[PDB]
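S.K.: Quick one: the structure is below, and I'll ask about it shortly.
Please note: Cβ atoms are built from the backbone with ideal geometry, for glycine as well, and neighbour counts cover all protein chains shown. Computed from the coordinates by the stated procedures, all read-outs in this text should not be read as laboratory data.
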Amino acid sequence: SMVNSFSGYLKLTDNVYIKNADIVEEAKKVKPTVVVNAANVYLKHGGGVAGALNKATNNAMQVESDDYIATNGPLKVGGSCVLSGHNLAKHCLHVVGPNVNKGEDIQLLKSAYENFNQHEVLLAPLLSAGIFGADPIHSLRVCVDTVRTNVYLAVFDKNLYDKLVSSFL
């Protein structure tokens, strides 16, 4: 069997790779051990990456997440939990980056990326980017300076992908 078959990624550092791709389509094609979700503390997968990953699981991710919250309570901003990856991956690592549109501390973005270091290889979006309101260039910088394990970043918008690559170096 063919798992963690990432292809067409641009190498940014020894361990950070990036591709202009839809993360749901990438997960279905690469079959990663871990797909990272851009989660909130209550695992309410409404929009952005979370809404897209949840919709791809036909809401099984939300049902599982609500049961996890009933048992454990909310996550901390900067924290994570490992749940099933359903039809996308073996596991989903739900990571809570700070949501600056909700007035959260951007300093917590490094703590959020540290969760990636517990997994040898991950398919991920840029934490706190998009609907979370942080600058994606800053998120990529924190990612490269924090994550030491193999992270494959999927950036949906070609124009944001080009901006990230062209401004990295």
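S.K.: Just checking, which of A50, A89 is farther than 23 Å from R148 by Cα and touching a strand residue (DSSP E or B) at 6+ places or on another chain (Cβ under 9 Å)?
M.R.: Values: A89 fails: farther than 23 Å from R148 by Cα.
The unique qualifying residue is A50.
S.K.: Now for a separate question. Determine whether the stretch 65-82 contains at least one residue that is out of contact with any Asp or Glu (no Cβ under 7 Å at 6 or more places or on another chain), under 15 Å from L126 (Cβ atoms), β-branched (V, I, T) and without any contact (Cβ under 8 Å) to a residue 60 or more places away in the chain. Walk me through how you get there before you give the answer.
M.R.: Narrowing the stretch 65-82 to residues out of contact with any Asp or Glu (no Cβ under 7 Å at 6 or more places or on another chain): 65-76, 78-82.
After this cut, where a residue has to be under 15 Å from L126 (Cβ atoms) as well, the list is none.
Scanning the stretch 65-82, I find no residue that is out of contact with any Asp or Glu (no Cβ under 7 Å at 6 or more places or on another chain), under 15 Å from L126 (Cβ atoms), β-branched (V, I, T) and without any contact (Cβ under 8 Å) to a residue 60 or more places away in the chain, so the answer is no.
S.K.: Test of understanding: among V142, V77, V151, which residue is of a type in the set (A, V, I, L, M) and closer than 23 Å to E25 by Cα?
M.R.: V151
S.K.: Please go through the stretch 84-105 and give me each residue that is free of Cβ contacts under 8 Å to residues at least 40 places away in the same chain and surrounded by fewer than 19 Cβ atoms within 10 Å (Cβ to Cβ), ordered by number.
M.R.: Within the stretch 84-105, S84, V100, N101, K102, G103, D105 meet the criteria.
S.K.: With (1) within 15 Å of the chain's Cα centre (by Cα); (2) surrounded by 16 or more Cβ atoms within 10 Å (Cβ to Cβ) as the list, and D22 as the residue in question, which single condition is left unmet?
M.R.: All conditions pass for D22, except number (2).
S.K.: State all residues of the stretch 35-44 that are surrounded by 24 or more Cβ atoms within 10 Å (Cβ to Cβ) and aliphatic (A, V, I, L, M); if no residue qualifies, say none.
M.R.: The answer is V35, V36, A38, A39, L43.
S.K.: Counting only residues that are touching a helix residue (DSSP H, G or I) at 6+ places or on another chain (Cβ under 7 Å) and more than 23 Å from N117 (Cα to Cα), give me the helices (runs of 4 or more DSSP H) lying completely in the stretch 12-98 with at least 1 of them.
M.R.: Passing ranges, in order: 48-56, 60-72.
S.K.: Sticking with this one: Which residue out of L140, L108 is of a type in the set (A, V, I, L, M, F, W, C) and either without any contact (Cβ under 8 Å) to a residue 24 or more places away in the chain or in contact with a helix residue (DSSP H, G or I) (Cβ under 8 Å, 6 or more places away or on another chain) (or both)?
M.R.: On the way: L108 fails: either without any contact (Cβ under 8 Å) to a residue 24 or more places away in the chain or in contact with a helix residue (DSSP H, G or I) (Cβ under 8 Å, 6 or more places away or on another chain) (or both).
Result: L140 is the single residue among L140, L108 that is of a type in the set (A, V, I, L, M, F, W, C) and either without any contact (Cβ under 8 Å) to a residue 24 or more places away in the chain or in contact with a helix residue (DSSP H, G or I) (Cβ under 8 Å, 6 or more places away or on another chain) (or both).
S.K.: Determine which single condition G47 fails, assuming it passes every other condition in (1) surrounded by 15 or more Cβ atoms within 10 Å (Cβ to Cβ); (2) small (G, A, S); (3) in contact (Cβ under 8 Å) with a residue 24 or more places away in the chain; (4) within 28 Å of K29 (Cβ to Cβ).
M.R.: If we test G47 against (1) surrounded by 15 or more Cβ atoms within 10 Å (Cβ to Cβ); (2) small (G, A, S); (3) in contact (Cβ under 8 Å) with a residue 24 or more places away in the chain; (4) within 28 Å of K29 (Cβ to Cβ), just (1) comes out false.
S.K.: Check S139, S166, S128 and return the single one that is outside any helix (DSSP H, G or I) and of a type in the set (S, T, Y).
M.R.: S128
S.K.: Being closer than 11 Å to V16 by Cβ and either touching a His at 6+ places or on another chain (Cβ under 7 Å) or β-branched (V, I, T) (or both) is the filter; apply it to the stretch 143-169 and report the residue that is surrounded by the most Cβ atoms within 10 Å (Cβ to Cβ).
M.R.: The residue in question is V151.
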